[PDB]
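Q: Enclosed is the structure file data.pdb (PDB, C-alpha atoms).
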MODEL        1
ATOM      1  CA  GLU A  61       9.528 -11.208  13.387  1.00  0.00           C
ATOM      2  CA  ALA A  62       9.797  -9.583   9.955  1.00  0.00           C
ATOM      3  CA  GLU A  63       6.874 -11.638   8.666  1.00  0.00           C
ATOM      4  CA  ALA A  64       5.008 -10.172  11.590  1.00  0.00           C
ATOM      5  CA  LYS A  65       5.846  -6.613  10.507  1.00  0.00           C
ATOM      6  CA  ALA A  66       4.504  -7.158   7.014  1.00  0.00           C
ATOM      7  CA  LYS A  67       1.379  -9.001   8.033  1.00  0.00           C
ATOM      8  CA  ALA A  68       0.611  -6.179  10.424  1.00  0.00           C
ATOM      9  CA  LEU A  69       1.382  -3.620   7.679  1.00  0.00           C
ATOM     10  CA  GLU A  70      -1.161  -5.200   5.356  1.00  0.00           C
ATOM     11  CA  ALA A  71      -3.911  -4.978   8.022  1.00  0.00           C
ATOM     12  CA  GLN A  72      -3.519  -1.269   8.346  1.00  0.00           C
ATOM     13  CA  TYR A  73      -3.089  -0.993   4.614  1.00  0.00           C
ATOM     14  CA  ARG A  74      -6.446  -2.654   4.077  1.00  0.00           C
ATOM     15  CA  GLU A  75      -8.028  -0.777   6.907  1.00  0.00           C
ATOM     16  CA  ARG A  76      -6.913   2.492   5.421  1.00  0.00           C
ATOM     17  CA  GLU A  77      -7.956   1.307   1.974  1.00  0.00           C
ATOM     18  CA  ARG A  78     -11.405   0.496   3.294  1.00  0.00           C
ATOM     19  CA  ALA A  79     -11.674   3.726   5.140  1.00  0.00           C
ATOM     20  CA  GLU A  80     -10.654   5.787   2.118  1.00  0.00           C
ATOM     21  CA  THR A  81     -12.993   4.214  -0.397  1.00  0.00           C
ATOM     22  CA  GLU A  82     -15.804   4.125   2.186  1.00  0.00           C
ATOM     23  CA  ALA A  83     -15.246   7.733   3.054  1.00  0.00           C
ATOM     24  CA  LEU A  84     -14.916   8.582  -0.610  1.00  0.00           C
ATOM     25  CA  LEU A  85     -18.383   7.403  -1.335  1.00  0.00           C
ATOM     26  CA  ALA A  86     -20.112   9.591   1.281  1.00  0.00           C
ATOM     27  CA  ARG A  87     -18.241  12.617   0.145  1.00  0.00           C
ATOM     28  CA  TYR A  88     -18.604  12.047  -3.556  1.00  0.00           C
ATOM     29  CA  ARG A  89     -22.184  10.860  -3.437  1.00  0.00           C
ATOM     30  CA  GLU A  90     -23.383  13.831  -1.486  1.00  0.00           C
ATOM     31  CA  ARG A  91     -22.278  16.142  -4.271  1.00  0.00           C
ATOM     32  CA  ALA A  92     -24.288  14.067  -6.662  1.00  0.00           C
ATOM     33  CA  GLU A  93     -27.216  14.216  -4.261  1.00  0.00           C
ATOM     34  CA  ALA A  94     -26.837  17.923  -4.218  1.00  0.00           C
ATOM     35  CA  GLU A  95     -26.195  18.841  -7.847  1.00  0.00           C
ATOM     36  CA  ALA A  96     -28.917  16.662  -9.348  1.00  0.00           C
ATOM     37  CA  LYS A  97     -31.386  18.438  -7.251  1.00  0.00           C
ATOM     38  CA  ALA A  98     -29.648  21.668  -8.147  1.00  0.00           C
ATOM     39  CA  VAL A  99     -30.210  21.328 -11.865  1.00  0.00           C
ATOM     40  CA  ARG A 100     -33.836  20.503 -11.230  1.00  0.00           C
ATOM     41  CA  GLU A 101     -34.487  23.714  -9.335  1.00  0.00           C
ATOM     42  CA  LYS A 102     -32.971  25.797 -12.169  1.00  0.00           C
ATOM     43  CA  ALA A 103     -35.438  24.284 -14.527  1.00  0.00           C
ATOM     44  CA  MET A 104     -38.530  24.173 -12.202  1.00  0.00           C
ATOM     45  CA  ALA A 105     -39.226  27.897 -12.107  1.00  0.00           C
ATOM     46  CA  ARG A 106     -38.711  28.740 -15.769  1.00  0.00           C
ATOM     47  CA  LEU A 107     -40.373  25.888 -17.485  1.00  0.00           C
ATOM     48  CA  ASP A 108     -43.504  27.349 -19.014  1.00  0.00           C
ATOM     49  CA  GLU A 109     -41.839  28.054 -22.296  1.00  0.00           C
ATOM     50  CA  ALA A 110     -41.171  24.484 -23.310  1.00  0.00           C
ATOM     51  CA  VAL A 111     -44.818  23.516 -22.915  1.00  0.00           C
ATOM     52  CA  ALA A 112     -46.001  26.705 -24.585  1.00  0.00           C
ATOM     53  CA  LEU A 113     -43.720  26.019 -27.539  1.00  0.00           C
ATOM     54  CA  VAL A 114     -44.558  22.366 -27.865  1.00  0.00           C
ATOM     55  CA  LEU A 115     -48.269  23.134 -27.689  1.00  0.00           C
ATOM     56  CA  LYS A 116     -47.925  25.573 -30.518  1.00  0.00           C
ATOM     57  CA  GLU A 117     -46.271  23.051 -32.800  1.00  0.00           C
ATOM     58  CA  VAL A 118     -48.701  20.210 -32.238  1.00  0.00           C
ATOM     59  CA  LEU A 119     -51.885  22.263 -31.920  1.00  0.00           C
ATOM     60  CA  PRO A 120     -52.796  23.174 -35.526  1.00  0.00           C
TER      61      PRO A 120
ATOM     62  CA  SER B   2      59.862 -26.630  27.558  1.00  0.00           C
ATOM     63  CA  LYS B   3      60.609 -24.437  24.517  1.00  0.00           C
ATOM     64  CA  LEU B   4      60.082 -27.596  22.416  1.00  0.00           C
ATOM     65  CA  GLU B   5      56.524 -27.950  23.682  1.00  0.00           C
ATOM     66  CA  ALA B   6      56.228 -24.196  23.298  1.00  0.00           C
ATOM     67  CA  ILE B   7      56.502 -24.392  19.528  1.00  0.00           C
ATOM     68  CA  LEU B   8      53.673 -26.934  19.358  1.00  0.00           C
ATOM     69  CA  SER B   9      51.490 -24.791  21.622  1.00  0.00           C
ATOM     70  CA  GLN B  10      52.227 -21.658  19.669  1.00  0.00           C
ATOM     71  CA  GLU B  11      51.423 -23.352  16.352  1.00  0.00           C
ATOM     72  CA  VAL B  12      48.185 -24.879  17.574  1.00  0.00           C
ATOM     73  CA  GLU B  13      46.922 -21.594  18.963  1.00  0.00           C
ATOM     74  CA  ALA B  14      47.737 -19.605  15.795  1.00  0.00           C
ATOM     75  CA  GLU B  15      45.789 -22.206  13.822  1.00  0.00           C
ATOM     76  CA  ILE B  16      42.963 -22.126  16.335  1.00  0.00           C
ATOM     77  CA  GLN B  17      42.436 -18.419  15.807  1.00  0.00           C
ATOM     78  CA  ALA B  18      42.211 -18.856  12.057  1.00  0.00           C
ATOM     79  CA  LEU B  19      39.460 -21.440  12.528  1.00  0.00           C
ATOM     80  CA  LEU B  20      37.530 -19.193  15.024  1.00  0.00           C
ATOM     81  CA  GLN B  21      37.701 -16.090  12.851  1.00  0.00           C
ATOM     82  CA  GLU B  22      36.688 -18.343   9.927  1.00  0.00           C
ATOM     83  CA  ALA B  23      33.803 -19.630  12.038  1.00  0.00           C
ATOM     84  CA  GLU B  24      32.702 -16.069  12.675  1.00  0.00           C
ATOM     85  CA  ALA B  25      32.780 -15.320   8.880  1.00  0.00           C
ATOM     86  CA  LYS B  26      30.818 -18.485   8.057  1.00  0.00           C
ATOM     87  CA  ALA B  27      28.279 -17.212  10.535  1.00  0.00           C
ATOM     88  CA  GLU B  28      28.537 -13.551   9.460  1.00  0.00           C
ATOM     89  CA  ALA B  29      27.441 -14.244   5.990  1.00  0.00           C
ATOM     90  CA  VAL B  30      24.399 -16.173   7.383  1.00  0.00           C
ATOM     91  CA  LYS B  31      23.587 -13.350   9.720  1.00  0.00           C
ATOM     92  CA  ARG B  32      23.884 -10.778   6.922  1.00  0.00           C
ATOM     93  CA  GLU B  33      22.102 -12.978   4.337  1.00  0.00           C
ATOM     94  CA  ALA B  34      19.046 -13.068   6.610  1.00  0.00           C
ATOM     95  CA  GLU B  35      19.113  -9.282   6.958  1.00  0.00           C
ATOM     96  CA  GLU B  36      19.273  -8.908   3.156  1.00  0.00           C
ATOM     97  CA  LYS B  37      16.546 -11.463   2.523  1.00  0.00           C
ATOM     98  CA  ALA B  38      14.341  -9.757   5.172  1.00  0.00           C
ATOM     99  CA  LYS B  39      14.728  -6.322   3.569  1.00  0.00           C
ATOM    100  CA  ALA B  40      13.424  -7.801   0.345  1.00  0.00           C
ATOM    101  CA  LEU B  41      10.365  -9.186   2.144  1.00  0.00           C
ATOM    102  CA  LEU B  42       9.189  -6.091   3.898  1.00  0.00           C
ATOM    103  CA  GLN B  43       9.733  -3.853   0.825  1.00  0.00           C
ATOM    104  CA  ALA B  44       8.141  -6.192  -1.688  1.00  0.00           C
ATOM    105  CA  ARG B  45       5.033  -6.147   0.492  1.00  0.00           C
ATOM    106  CA  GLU B  46       5.070  -2.393   0.640  1.00  0.00           C
ATOM    107  CA  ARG B  47       4.893  -2.498  -3.143  1.00  0.00           C
ATOM    108  CA  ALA B  48       1.950  -4.783  -3.727  1.00  0.00           C
ATOM    109  CA  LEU B  49      -0.133  -3.237  -1.030  1.00  0.00           C
ATOM    110  CA  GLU B  50       0.664   0.277  -2.293  1.00  0.00           C
ATOM    111  CA  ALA B  51      -0.830  -0.601  -5.650  1.00  0.00           C
ATOM    112  CA  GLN B  52      -3.873  -2.000  -3.822  1.00  0.00           C
ATOM    113  CA  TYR B  53      -4.319   1.464  -2.419  1.00  0.00           C
ATOM    114  CA  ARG B  54      -3.859   3.911  -5.191  1.00  0.00           C
ATOM    115  CA  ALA B  55      -5.752   1.895  -7.708  1.00  0.00           C
ATOM    116  CA  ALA B  56      -8.439   1.256  -5.168  1.00  0.00           C
ATOM    117  CA  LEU B  57      -9.114   4.904  -4.694  1.00  0.00           C
ATOM    118  CA  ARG B  58      -8.945   5.769  -8.348  1.00  0.00           C
ATOM    119  CA  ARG B  59     -11.628   3.347  -9.455  1.00  0.00           C
ATOM    120  CA  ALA B  60     -13.645   4.464  -6.492  1.00  0.00           C
ATOM    121  CA  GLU B  61     -13.435   8.042  -7.681  1.00  0.00           C
ATOM    122  CA  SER B  62     -13.911   6.886 -11.299  1.00  0.00           C
ATOM    123  CA  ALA B  63     -17.000   4.959 -10.275  1.00  0.00           C
TER     124      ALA B  63
ENDMDL
END
Translate this file's structure into structure tokens.
A:
Amino acid sequence: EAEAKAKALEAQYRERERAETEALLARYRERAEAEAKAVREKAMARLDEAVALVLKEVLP
Amino acid sequence: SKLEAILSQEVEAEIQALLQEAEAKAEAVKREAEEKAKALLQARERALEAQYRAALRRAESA
């Protein structure tokens, strides 16, 4: 009956492991999904200058 | 008689040293199992615990 305890412990241990890594991905990933976009937007607006600059160097 | 009394009395006092002995020869078995068992449930807390912490770390690290 002690072998039973441990076998049963493992189950739960693996279930919880599963659940934590599986949950971890959602949570972690969605900050990636958010920030990547969020550095884009910062650029998007103010973005003229790069082209303007680059054009000046190559143009002559 | 009192003669047969001494033989009774001897035999019984010997009997009780066998029976108590018998208990002790059991008691160690009983308590051995208990000790063994403790080492089984604990040792399996250990391995599985590593399989937890390390699982989450690499998951975060990934």
Q: Nearest residue to chain A out of B:16, B:30, B:63, B:6, using only C-alpha atoms?
A: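 Among B:16, B:30, B:63, B:6, it is B:63 that comes nearest to chain A.
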Q: Please build the interface table for chain B against chain A with a cut-off of 6 Å, listing for each qualifying residue the nearest atom pair and the distance in Å to one decimal; count all atoms listed in the file, order rows by chain and increasing number, and write it as CSV.
A:
residue,atom,partner,partner_atom,distance
B:42,CA,A:66,CA,5.7
B:53,CA,A:77,CA,5.7
B:57,CA,A:81,CA,5.8
Q: In Å, with one decimal, what is the gap from atom CA of residue 59 of chain B to atom CA of residue 92 of chain A?
A: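 Straight-line distance from atom CA of residue 59 of chain B to atom CA of residue 92 of chain A works out to 16.8 Å.
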Q: For the atom pair atom CA of residue 87 of chain A and atom CA of residue 61 of chain B, what is the interatomic distance in Å to one decimal place?
A: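 These atoms are spaced 10.3 Å apart.
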Q: Grab the atom CA of residue 54 of chain B to atom CA of residue 83 of chain A distance for me, in Å with one decimal place.
A: 14.6 Å
